[PDB]
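Note: the block below is coords-v2.cif and it holds mmCIF, C-alpha atoms and all ligand atoms.
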```cif
data_final
#
loop_
_atom_site.label_atom_id
_atom_site.label_comp_id
_atom_site.auth_asym_id
_atom_site.auth_seq_id
_atom_site.Cartn_x
_atom_site.Cartn_y
_atom_site.Cartn_z
CA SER F 14 -7.39 -7.36 -22.64
CA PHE F 15 -5.60 -7.26 -19.30
CA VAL F 16 -2.32 -8.74 -20.61
CA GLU F 17 -1.35 -5.21 -21.70
CA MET F 18 -1.43 -4.10 -18.07
CA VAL F 19 0.56 -7.00 -16.62
CA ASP F 20 3.96 -5.77 -15.40
CA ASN F 21 3.01 -2.09 -15.80
CA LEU F 22 4.45 -1.20 -12.38
CA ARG F 23 8.11 -0.43 -11.66
CA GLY F 24 10.19 0.95 -8.84
CA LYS F 25 13.40 0.83 -6.86
CA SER F 26 13.48 -1.29 -3.72
CA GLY F 27 11.99 0.68 -0.85
CA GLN F 28 11.27 3.77 -2.92
CA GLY F 29 7.67 3.30 -4.12
CA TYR F 30 5.71 1.48 -6.85
CA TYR F 31 4.85 3.60 -9.87
CA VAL F 32 2.92 3.42 -13.12
CA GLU F 33 3.54 5.47 -16.26
CA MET F 34 0.96 8.13 -17.14
CA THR F 35 0.67 11.08 -19.52
CA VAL F 36 -0.91 14.44 -18.72
CA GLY F 37 -1.77 17.33 -21.02
CA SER F 38 -1.89 17.91 -24.77
CA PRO F 39 0.58 17.11 -26.24
CA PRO F 40 1.07 14.24 -23.75
CA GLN F 41 3.68 14.77 -21.04
CA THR F 42 4.99 11.45 -19.68
CA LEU F 43 5.40 11.11 -15.91
CA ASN F 44 5.86 8.18 -13.51
CA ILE F 45 3.16 8.19 -10.82
CA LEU F 46 3.32 6.35 -7.49
CA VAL F 47 0.22 4.19 -6.92
CA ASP F 48 -1.27 4.98 -3.49
CA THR F 49 -4.40 3.28 -2.14
CA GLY F 50 -3.85 5.21 1.11
CA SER F 51 -4.89 8.67 -0.19
CA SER F 52 -7.19 10.19 -2.77
CA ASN F 53 -5.42 13.09 -4.53
CA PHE F 54 -3.79 12.90 -7.94
CA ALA F 55 -0.80 15.22 -7.74
CA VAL F 56 2.32 15.79 -9.82
CA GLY F 57 5.46 17.83 -9.46
CA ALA F 58 4.84 21.00 -11.46
CA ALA F 59 7.98 23.02 -10.65
CA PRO F 60 11.73 22.29 -10.37
CA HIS F 61 12.93 20.20 -7.44
CA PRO F 62 16.39 18.71 -6.77
CA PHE F 63 14.94 15.18 -6.81
CA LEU F 64 12.78 15.72 -9.93
CA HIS F 65 14.19 15.08 -13.39
CA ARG F 66 10.95 16.12 -15.11
CA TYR F 67 7.69 17.75 -14.07
CA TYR F 68 4.30 18.87 -15.31
CA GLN F 69 4.51 22.09 -17.37
CA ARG F 70 0.99 23.49 -17.45
CA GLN F 71 1.93 26.24 -19.92
CA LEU F 72 2.80 23.59 -22.57
CA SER F 73 -0.62 21.86 -22.38
CA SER F 74 -3.45 23.22 -24.52
CA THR F 75 -6.06 21.35 -22.47
CA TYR F 76 -4.91 22.58 -19.07
CA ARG F 77 -7.65 24.35 -17.12
CA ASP F 78 -6.90 26.38 -14.01
CA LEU F 79 -9.29 25.80 -11.11
CA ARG F 80 -8.01 28.95 -9.35
CA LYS F 81 -7.88 27.14 -6.02
CA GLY F 82 -4.99 26.05 -3.79
CA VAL F 83 -4.50 22.67 -2.12
CA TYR F 84 -2.14 21.02 0.39
CA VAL F 85 -1.91 17.38 1.53
CA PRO F 86 -0.19 16.30 4.78
CA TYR F 87 0.58 12.59 4.82
CA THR F 88 1.94 10.58 7.70
CA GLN F 89 5.36 11.15 6.13
CA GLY F 90 5.78 13.96 3.63
CA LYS F 91 3.57 16.81 2.49
CA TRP F 92 3.12 19.11 -0.48
CA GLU F 93 1.10 22.14 -1.50
CA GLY F 94 0.06 23.23 -4.94
CA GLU F 95 -2.44 24.63 -7.40
CA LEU F 96 -5.57 22.78 -8.53
CA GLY F 97 -6.55 22.33 -12.16
CA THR F 98 -7.77 19.78 -14.68
CA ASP F 99 -6.22 18.23 -17.77
CA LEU F 100 -6.46 15.16 -19.99
CA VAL F 101 -4.78 12.06 -18.57
CA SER F 102 -3.94 8.67 -20.04
CA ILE F 103 -2.29 5.47 -18.86
CA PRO F 104 -0.09 4.06 -21.67
CA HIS F 105 -0.09 0.52 -20.21
CA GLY F 106 -3.67 0.71 -19.03
CA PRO F 107 -7.04 0.94 -20.75
CA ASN F 108 -7.11 2.84 -24.04
CA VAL F 109 -9.05 5.81 -22.69
CA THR F 110 -8.48 9.48 -21.94
CA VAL F 111 -10.15 11.21 -19.01
CA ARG F 112 -10.31 14.77 -17.81
CA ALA F 113 -9.05 14.54 -14.24
CA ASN F 114 -8.36 16.82 -11.32
CA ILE F 115 -4.63 17.43 -10.94
CA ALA F 116 -2.79 19.09 -8.07
CA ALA F 117 0.20 20.94 -9.54
CA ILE F 118 2.81 20.59 -6.79
CA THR F 119 4.72 23.87 -6.36
CA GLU F 120 6.25 23.26 -2.94
CA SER F 121 6.93 20.10 -0.94
CA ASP F 122 8.59 18.86 2.25
CA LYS F 123 10.13 15.35 2.43
CA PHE F 124 7.68 14.09 -0.22
CA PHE F 125 9.77 13.43 -3.35
CA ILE F 126 12.53 10.83 -2.98
CA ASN F 127 15.97 11.11 -4.55
CA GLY F 128 16.44 8.44 -7.22
CA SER F 129 12.90 7.02 -6.89
CA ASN F 130 12.12 7.72 -10.59
CA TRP F 131 8.55 8.93 -9.87
CA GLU F 132 7.28 12.50 -10.16
CA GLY F 133 3.74 12.31 -8.77
CA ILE F 134 1.20 10.33 -6.80
CA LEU F 135 -2.07 8.63 -7.77
CA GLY F 136 -4.39 8.54 -4.74
CA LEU F 137 -6.75 5.62 -5.40
CA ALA F 138 -8.94 5.91 -2.28
CA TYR F 139 -12.31 7.67 -2.02
CA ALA F 140 -13.41 11.35 -2.15
CA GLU F 141 -14.19 11.47 1.58
CA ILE F 142 -10.46 11.90 2.33
CA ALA F 143 -9.57 14.02 -0.70
CA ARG F 144 -8.12 17.50 -0.14
CA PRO F 145 -9.24 20.22 0.19
CA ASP F 146 -12.62 18.44 0.60
CA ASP F 147 -14.70 15.58 -0.78
CA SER F 148 -15.93 17.64 -3.73
CA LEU F 149 -12.56 17.17 -5.46
CA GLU F 150 -13.33 14.06 -7.52
CA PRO F 151 -10.49 11.47 -7.31
CA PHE F 152 -8.89 10.12 -10.48
CA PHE F 153 -10.49 6.67 -10.40
CA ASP F 154 -13.94 8.16 -9.87
CA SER F 155 -13.39 10.36 -12.95
CA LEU F 156 -12.17 7.32 -14.90
CA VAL F 157 -15.27 5.29 -14.04
CA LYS F 158 -17.70 8.15 -14.70
CA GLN F 159 -16.25 9.18 -18.08
CA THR F 160 -15.53 5.73 -19.58
CA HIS F 161 -16.72 2.10 -19.60
CA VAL F 162 -13.88 0.92 -17.32
CA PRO F 163 -15.52 -1.25 -14.61
CA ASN F 164 -15.42 0.09 -11.06
CA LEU F 165 -12.55 -1.97 -9.69
CA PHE F 166 -8.81 -2.44 -9.92
CA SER F 167 -6.29 -4.94 -8.66
CA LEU F 168 -2.71 -4.60 -7.45
CA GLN F 169 0.09 -7.13 -7.54
CA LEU F 170 3.12 -5.62 -5.80
CA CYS F 171 6.27 -7.69 -6.45
CA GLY F 172 9.00 -6.85 -3.96
CA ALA F 173 12.76 -7.27 -4.26
CA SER F 185 14.44 -3.44 -8.82
CA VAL F 186 10.73 -3.92 -7.93
CA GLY F 187 7.75 -4.47 -10.20
CA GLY F 188 4.18 -5.65 -10.41
CA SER F 189 0.86 -4.99 -12.06
CA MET F 190 -2.05 -2.61 -11.66
CA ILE F 191 -4.97 -4.20 -13.51
CA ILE F 192 -7.38 -1.32 -14.16
CA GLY F 193 -10.98 -2.44 -14.52
CA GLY F 194 -10.68 -6.12 -13.67
CA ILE F 195 -8.95 -9.21 -12.37
CA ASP F 196 -6.21 -11.04 -14.28
CA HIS F 197 -6.49 -14.68 -13.23
CA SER F 198 -2.97 -15.49 -14.38
CA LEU F 199 -1.55 -13.25 -11.61
CA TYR F 200 -2.57 -15.42 -8.62
CA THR F 201 -3.04 -18.99 -7.44
CA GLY F 202 -5.77 -20.57 -5.33
CA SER F 203 -8.98 -18.81 -4.41
CA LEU F 204 -9.74 -15.14 -3.85
CA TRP F 205 -11.03 -14.38 -0.34
CA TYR F 206 -13.00 -11.16 0.21
CA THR F 207 -13.32 -8.81 3.18
CA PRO F 208 -15.89 -5.96 3.30
CA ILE F 209 -14.81 -2.38 2.77
CA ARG F 210 -16.16 -1.10 6.08
CA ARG F 211 -16.55 2.51 4.93
CA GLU F 212 -15.61 4.24 1.67
CA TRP F 213 -12.95 6.72 2.73
CA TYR F 214 -9.71 4.87 3.17
CA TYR F 215 -9.88 1.23 2.09
CA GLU F 216 -10.90 0.39 5.65
CA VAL F 217 -11.19 -3.25 6.75
CA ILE F 218 -11.76 -5.12 10.02
CA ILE F 219 -9.18 -7.47 11.52
CA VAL F 220 -10.87 -10.08 13.71
CA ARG F 221 -7.93 -12.19 14.98
CA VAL F 222 -4.13 -12.14 15.01
CA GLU F 223 -1.84 -15.16 15.39
CA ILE F 224 1.95 -15.40 15.51
CA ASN F 225 3.35 -18.87 14.66
CA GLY F 226 -0.18 -20.18 15.23
CA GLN F 227 -0.43 -18.63 18.72
CA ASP F 228 -3.38 -16.27 19.27
CA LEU F 229 -2.42 -12.83 20.57
CA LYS F 230 -5.68 -13.03 22.58
CA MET F 231 -6.35 -9.30 22.64
CA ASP F 232 -9.76 -7.68 22.46
CA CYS F 233 -10.13 -7.61 18.67
CA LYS F 234 -11.07 -3.92 18.82
CA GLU F 235 -7.41 -3.29 19.64
CA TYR F 236 -6.46 -4.52 16.15
CA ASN F 237 -8.63 -1.81 14.54
CA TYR F 238 -8.03 1.11 16.91
CA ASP F 239 -8.90 3.47 15.49
CA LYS F 240 -9.04 1.89 12.04
CA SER F 241 -7.33 -0.63 9.79
CA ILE F 242 -6.50 0.34 6.20
CA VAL F 243 -4.94 -1.20 3.09
CA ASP F 244 -2.25 1.24 1.96
CA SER F 245 0.05 0.66 -1.03
CA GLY F 246 1.64 4.06 -0.29
CA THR F 247 3.25 2.84 2.97
CA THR F 248 6.01 0.25 3.34
CA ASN F 249 5.49 -1.11 6.86
CA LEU F 250 2.87 -3.09 8.64
CA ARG F 251 1.97 -0.37 11.13
CA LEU F 252 0.18 -1.48 14.31
CA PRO F 253 -1.54 0.38 17.16
CA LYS F 254 0.76 0.75 20.17
CA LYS F 255 -0.79 -2.04 22.23
CA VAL F 256 -0.78 -4.53 19.33
CA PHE F 257 2.72 -3.52 18.24
CA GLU F 258 4.15 -4.19 21.71
CA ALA F 259 2.47 -7.60 21.87
CA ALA F 260 3.67 -8.53 18.36
CA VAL F 261 7.27 -7.42 19.02
CA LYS F 262 7.30 -9.24 22.36
CA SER F 263 6.25 -12.42 20.55
CA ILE F 264 8.67 -11.95 17.65
CA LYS F 265 11.54 -11.30 20.07
CA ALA F 266 10.76 -14.49 21.99
CA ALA F 267 10.72 -16.60 18.83
CA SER F 268 14.10 -15.18 17.74
CA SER F 269 15.82 -15.08 21.17
CA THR F 270 18.35 -17.53 19.69
CA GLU F 271 20.13 -14.40 18.46
CA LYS F 272 20.64 -10.89 19.76
CA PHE F 273 19.61 -7.61 18.16
CA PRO F 274 20.04 -4.01 19.32
CA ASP F 275 16.83 -2.50 20.67
CA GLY F 276 17.06 0.13 17.92
CA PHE F 277 16.58 -2.72 15.46
CA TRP F 278 13.09 -3.29 16.85
CA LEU F 279 12.42 0.44 16.33
CA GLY F 280 13.53 0.31 12.69
CA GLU F 281 16.55 2.50 13.47
CA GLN F 282 19.37 -0.08 13.15
CA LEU F 283 20.01 -2.87 10.67
CA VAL F 284 20.84 -6.52 11.37
CA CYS F 285 23.26 -8.43 9.16
CA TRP F 286 24.29 -12.03 8.55
CA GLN F 287 26.87 -13.68 6.31
CA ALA F 288 25.47 -13.99 2.78
CA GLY F 289 23.04 -16.87 2.56
CA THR F 290 22.97 -17.59 6.32
CA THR F 291 19.96 -15.47 7.37
CA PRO F 292 18.16 -17.55 10.07
CA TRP F 293 14.69 -17.18 8.55
CA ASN F 294 13.42 -20.15 10.60
CA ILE F 295 13.64 -18.26 13.93
CA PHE F 296 11.32 -15.48 12.75
CA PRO F 297 7.60 -16.32 12.98
CA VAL F 298 4.78 -16.09 10.49
CA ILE F 299 1.97 -13.62 11.23
CA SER F 300 -1.65 -14.44 10.37
CA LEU F 301 -4.18 -11.64 10.07
CA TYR F 302 -7.78 -12.84 10.10
CA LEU F 303 -10.15 -10.56 8.18
CA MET F 304 -13.94 -10.29 8.34
CA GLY F 305 -15.48 -12.42 5.57
CA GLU F 306 -18.52 -12.08 3.32
CA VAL F 307 -20.94 -14.33 5.29
CA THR F 308 -22.21 -14.35 8.87
CA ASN F 309 -19.64 -15.44 11.48
CA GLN F 310 -17.10 -16.20 8.73
CA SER F 311 -13.53 -14.93 8.32
CA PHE F 312 -10.36 -15.92 6.48
CA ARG F 313 -6.66 -15.46 7.11
CA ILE F 314 -3.67 -14.13 5.24
CA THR F 315 -0.29 -15.32 6.46
CA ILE F 316 2.88 -13.19 6.24
CA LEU F 317 6.41 -14.65 6.03
CA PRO F 318 9.42 -13.07 7.79
CA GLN F 319 10.86 -12.32 4.36
CA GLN F 320 8.06 -9.72 4.08
CA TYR F 321 8.59 -7.86 7.36
CA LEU F 322 12.42 -8.08 7.25
CA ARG F 323 13.29 -5.78 4.35
CA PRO F 324 16.69 -6.17 2.67
CA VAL F 325 18.84 -3.04 2.61
CA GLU F 326 22.29 -2.01 1.37
CA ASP F 327 25.21 -3.33 3.41
CA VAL F 328 26.76 -0.10 4.72
CA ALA F 329 30.15 -1.87 4.71
CA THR F 330 32.13 -3.34 1.78
CA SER F 331 30.88 -6.84 2.63
CA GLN F 332 28.42 -9.21 0.99
CA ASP F 333 26.46 -9.63 4.23
CA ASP F 334 22.66 -9.78 4.07
CA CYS F 335 21.35 -6.80 6.05
CA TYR F 336 17.71 -6.16 6.94
CA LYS F 337 15.40 -3.59 8.54
CA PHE F 338 12.43 -4.47 10.80
CA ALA F 339 9.36 -3.27 8.89
CA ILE F 340 6.73 -3.61 11.61
CA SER F 341 6.40 -0.30 13.43
CA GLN F 342 4.15 1.49 15.88
CA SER F 343 1.22 3.64 14.82
CA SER F 344 -1.09 6.14 16.52
CA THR F 345 -3.61 6.24 13.65
CA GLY F 346 -4.62 2.57 13.49
CA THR F 347 -3.39 -0.45 11.57
CA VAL F 348 -1.78 0.17 8.18
CA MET F 349 -1.49 -2.89 5.93
CA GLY F 350 1.34 -1.54 3.80
CA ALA F 351 3.53 -3.06 1.10
CA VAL F 352 4.85 -5.54 3.69
CA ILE F 353 1.38 -7.09 3.60
CA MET F 354 0.43 -6.44 -0.04
CA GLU F 355 3.62 -7.84 -1.62
CA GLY F 356 2.62 -11.37 -0.72
CA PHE F 357 -0.77 -11.17 -2.41
CA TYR F 358 -2.92 -10.29 -5.37
CA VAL F 359 -5.27 -7.64 -3.93
CA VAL F 360 -8.55 -6.81 -5.64
CA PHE F 361 -10.07 -3.42 -4.80
CA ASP F 362 -13.62 -4.31 -5.80
CA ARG F 363 -15.20 -0.89 -5.36
CA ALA F 364 -18.37 -1.95 -7.20
CA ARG F 365 -19.09 -4.63 -4.58
CA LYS F 366 -17.48 -2.76 -1.63
CA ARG F 367 -15.02 -5.54 -0.87
CA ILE F 368 -11.31 -6.29 -1.04
CA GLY F 369 -10.08 -9.67 -2.25
CA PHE F 370 -6.83 -11.40 -1.35
CA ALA F 371 -5.18 -14.32 -3.13
CA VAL F 372 -1.69 -15.79 -3.09
CA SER F 373 0.39 -13.76 -5.53
CA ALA F 374 2.20 -15.44 -8.42
CA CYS F 375 5.27 -13.31 -7.46
CA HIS F 376 5.36 -14.22 -3.77
CA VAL F 377 8.65 -14.51 -1.86
CA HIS F 378 9.86 -18.08 -1.36
CA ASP F 379 10.88 -19.55 2.00
CA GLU F 380 12.50 -22.97 1.97
CA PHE F 381 9.73 -24.71 3.88
CA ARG F 382 6.91 -22.23 4.67
CA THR F 383 4.54 -20.46 2.33
CA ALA F 384 2.42 -17.33 2.49
CA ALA F 385 -1.23 -18.26 2.39
CA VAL F 386 -4.82 -17.04 2.09
CA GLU F 387 -7.04 -19.59 3.79
CA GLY F 388 -10.66 -20.06 4.69
CA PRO F 389 -13.30 -20.35 5.72
CA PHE F 390 -12.95 -19.79 9.46
CA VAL F 391 -15.74 -19.27 11.97
CA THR F 392 -15.46 -16.16 14.13
CA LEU F 393 -18.28 -15.03 16.36
CA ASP F 394 -19.12 -11.37 17.05
CA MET F 395 -16.91 -9.95 14.29
CA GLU F 396 -18.88 -6.68 14.35
CA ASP F 397 -17.54 -6.02 17.87
CA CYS F 398 -14.05 -5.75 16.36
CA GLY F 399 -14.81 -2.50 14.55
CA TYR F 400 -13.94 0.64 16.47
CA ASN F 401 -16.50 3.39 17.05
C1 LIG T 501 -3.63 12.22 2.72
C2 LIG T 501 -4.43 11.62 3.82
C3 LIG T 501 -5.64 10.92 3.27
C4 LIG T 501 -3.60 10.71 4.75
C5 LIG T 501 -3.02 11.23 5.90
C6 LIG T 501 -2.29 10.42 6.74
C7 LIG T 501 -2.13 9.08 6.45
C8 LIG T 501 -2.71 8.53 5.31
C9 LIG T 501 -2.55 7.05 5.00
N1 LIG T 501 -1.77 6.78 3.79
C10 LIG T 501 -0.47 7.49 3.76
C11 LIG T 501 0.02 7.43 2.31
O1 LIG T 501 -0.93 8.09 1.47
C12 LIG T 501 1.38 8.09 2.12
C13 LIG T 501 1.72 8.22 0.63
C14 LIG T 501 3.16 8.75 0.46
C15 LIG T 501 3.21 10.25 0.72
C16 LIG T 501 3.76 8.38 -0.92
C17 LIG T 501 5.15 8.94 -1.20
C18 LIG T 501 6.22 8.51 -0.19
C19 LIG T 501 6.27 6.99 0.13
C20 LIG T 501 7.22 6.73 1.35
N2 LIG T 501 7.42 5.27 1.70
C21 LIG T 501 8.24 4.41 0.79
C22 LIG T 501 9.08 5.23 -0.18
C23 LIG T 501 7.36 3.36 0.10
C24 LIG T 501 7.95 2.27 -0.54
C25 LIG T 501 7.16 1.31 -1.15
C26 LIG T 501 5.78 1.42 -1.14
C27 LIG T 501 5.19 2.50 -0.50
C28 LIG T 501 5.98 3.47 0.10
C29 LIG T 501 6.93 4.78 2.88
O2 LIG T 501 7.12 3.62 3.15
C30 LIG T 501 6.08 5.58 3.83
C31 LIG T 501 4.95 6.31 3.44
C32 LIG T 501 4.15 6.93 4.40
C33 LIG T 501 4.46 6.80 5.75
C34 LIG T 501 5.55 6.03 6.14
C35 LIG T 501 5.82 5.83 7.57
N3 LIG T 501 6.51 4.89 8.14
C36 LIG T 501 6.40 5.12 9.50
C37 LIG T 501 5.61 6.18 9.70
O3 LIG T 501 5.20 6.64 8.48
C38 LIG T 501 6.33 5.40 5.19
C39 LIG T 501 3.01 7.74 3.92
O4 LIG T 501 2.60 8.70 4.57
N4 LIG T 501 2.46 7.35 2.78
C40 LIG T 501 -3.45 9.36 4.48
#
```
Write-out of the structure in structure tokens:
Amino acid sequence: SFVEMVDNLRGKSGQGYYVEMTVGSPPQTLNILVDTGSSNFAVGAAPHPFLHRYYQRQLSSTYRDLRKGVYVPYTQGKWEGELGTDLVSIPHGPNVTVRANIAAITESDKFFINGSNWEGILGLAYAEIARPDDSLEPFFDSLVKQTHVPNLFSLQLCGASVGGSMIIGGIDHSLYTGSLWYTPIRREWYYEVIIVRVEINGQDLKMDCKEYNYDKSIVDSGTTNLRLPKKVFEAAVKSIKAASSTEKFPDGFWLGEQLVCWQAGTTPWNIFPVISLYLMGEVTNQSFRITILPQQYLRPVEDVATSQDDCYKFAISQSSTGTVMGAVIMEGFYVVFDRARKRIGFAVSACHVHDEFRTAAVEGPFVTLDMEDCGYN
């Protein structure tokens, strides 16, 4: 019955992927950003310049006040609000209704985005990182406990306005090609994984693989960029610069501060390399790789001029909180968050970006010794 959930995600380019939900009785419709990088379900519940609608607790007969405050600081953006519960449904999801914890956002700082068309956030990660503490049951945990929905979901993010699918409770085989390759969920807090090798245009970065996961590596649909620890970021940028030295870019471009433009249809995709991330596999000494095309880490933007030039932003950036496999990574793939079996699957997405001669890939098996040494402690 998954066909009803295909194409249930929308968004504007670079503004966040959202799914439609209803909260309260009678149902109040809101668009909710899907975020595997956090664990709180929160909705705007008071006027805001960027909000065109919000949750009105007074109009819901099933609203229950929890008489407790809450605040969530993200890497970018934060909000505070009032905790409570209410009935929640997903129109283009399973035909169920669950009583879920809801953070009623009353105040926020650089969280909501003008024109994004979403009014809340669905944190799909685990209770361990929920605010104020791990006793606040996340939405998906409530869903699984109260209904017969199986304990897994899958995400197909289709980049550029944007679209995709969140298959709640299963895998839709029509959404991917080839085989699914699985990596263990190292620990149930973020969707933490272990990267065991990195190659750029087939050239090994030859770093101690712990550097790739310092201090963690997560799969995060709530972040655009591939974010890399300082040491890995510098090595990656050095290698990407060398492959594209044919042309010149301001240094601010490599910091994500400036755009680069080319005459429409003349973007030199061939001079930008592919990046392969090797992930720990399911059997001893076995890994697999996912390969990223430059079309994924060079995001198209709006030409600030009155021209038809193709302009792009560099979407690999430095991190101090470990690797973040954001939308830049996820958009190429069908990603299965198999919570029941504590693993994450990757397969080539049916809505992958096309290069004229190269293709994003998920390939295995590979042999990799001592993969456990790559996890940081
Ligand atoms: C709450 C706890 C558990 C926690 C604390 C710190 C970090 C984390 C890890 N996950 C963070 C996410 O939850 C967290 C979720 C976020 C508020 C959702 C709403 C805004 C989305 C913004 N957006 C756009 C609109 C977008 C577009 C398409 C898809 C996705 C996003 C980004 O691209 C973006 C998001 C975050 C950080 C950066 C960033 N670029 C460099 C440094 O920062 C960029 C962020 O912070 N996104 C969790």
Pick from F:99, F:306, F:147, F:223 nearest to residue 40 of chain F, counting only C-alpha atoms: F:99
Hey, what's within 10 Å of segment 236-239 of chain F if we count all atoms listed in the file and toss same-chain stuff fewer than 6 positions away? As an MDAnalysis selection string, please? chainID F and resid 216:222 252:257 301 343:348 398:401
Determine, for each residue of chain F having at least one atom at most 8 Å from an atom of ligand LIG 501 (chain T), the closest pair of atoms and their separation in Å to one decimal, counting only C-alpha atoms and all ligand atoms; order by chain and ascending number, as a Markdown table.
```
| residue | atom | partner | partner_atom | distance |
| --- | --- | --- | --- | --- |
| F:26 | CA | T:LIG501 | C25 | 7.3 |
| F:27 | CA | T:LIG501 | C24 | 4.4 |
| F:28 | CA | T:LIG501 | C22 | 3.8 |
| F:29 | CA | T:LIG501 | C25 | 3.6 |
| F:30 | CA | T:LIG501 | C26 | 5.7 |
| F:46 | CA | T:LIG501 | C16 | 6.9 |
| F:48 | CA | T:LIG501 | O1 | 5.9 |
| F:49 | CA | T:LIG501 | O1 | 6.9 |
| F:50 | CA | T:LIG501 | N1 | 3.7 |
| F:51 | CA | T:LIG501 | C3 | 4.2 |
| F:52 | CA | T:LIG501 | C3 | 6.3 |
| F:53 | CA | T:LIG501 | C1 | 7.5 |
| F:85 | CA | T:LIG501 | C1 | 5.6 |
| F:86 | CA | T:LIG501 | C1 | 5.7 |
| F:87 | CA | T:LIG501 | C5 | 4.0 |
| F:88 | CA | T:LIG501 | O4 | 3.7 |
| F:89 | CA | T:LIG501 | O4 | 4.0 |
| F:90 | CA | T:LIG501 | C15 | 5.4 |
| F:91 | CA | T:LIG501 | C15 | 6.8 |
| F:124 | CA | T:LIG501 | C18 | 5.8 |
| F:125 | CA | T:LIG501 | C17 | 6.8 |
| F:126 | CA | T:LIG501 | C22 | 7.1 |
| F:129 | CA | T:LIG501 | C22 | 7.9 |
| F:134 | CA | T:LIG501 | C16 | 6.7 |
| F:136 | CA | T:LIG501 | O1 | 7.1 |
| F:142 | CA | T:LIG501 | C3 | 5.0 |
| F:143 | CA | T:LIG501 | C3 | 6.4 |
| F:144 | CA | T:LIG501 | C1 | 7.5 |
| F:214 | CA | T:LIG501 | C3 | 7.3 |
| F:242 | CA | T:LIG501 | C9 | 7.9 |
| F:244 | CA | T:LIG501 | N1 | 5.9 |
| F:245 | CA | T:LIG501 | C27 | 5.5 |
| F:246 | CA | T:LIG501 | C27 | 3.9 |
| F:247 | CA | T:LIG501 | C31 | 3.9 |
| F:248 | CA | T:LIG501 | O2 | 3.6 |
| F:249 | CA | T:LIG501 | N3 | 6.2 |
| F:251 | CA | T:LIG501 | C36 | 7.2 |
| F:341 | CA | T:LIG501 | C36 | 6.7 |
| F:342 | CA | T:LIG501 | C36 | 7.7 |
| F:343 | CA | T:LIG501 | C37 | 7.2 |
| F:345 | CA | T:LIG501 | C7 | 7.9 |
| F:348 | CA | T:LIG501 | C9 | 7.6 |
| F:350 | CA | T:LIG501 | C27 | 7.0 |
| F:351 | CA | T:LIG501 | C26 | 5.5 |
```
Counting only C-alpha atoms, the option among F:395, F:371, F:55, F:328 closest to residue 355 of chain F: F:371
Skip residue 311 of chain F itself and residues of its chain fewer than 4 positions away, then list as an MDAnalysis selection string all residues within 7 Å of it, counting only C-alpha atoms. chainID F and resid 302:305 388:392
Near residue 103 of chain F, within 6 Å and counting all atoms listed in the file, which residues show up once chain neighbours fewer than 2 positions away are dropped, as a PyMOL selection string? chain F and resi 34+105-106
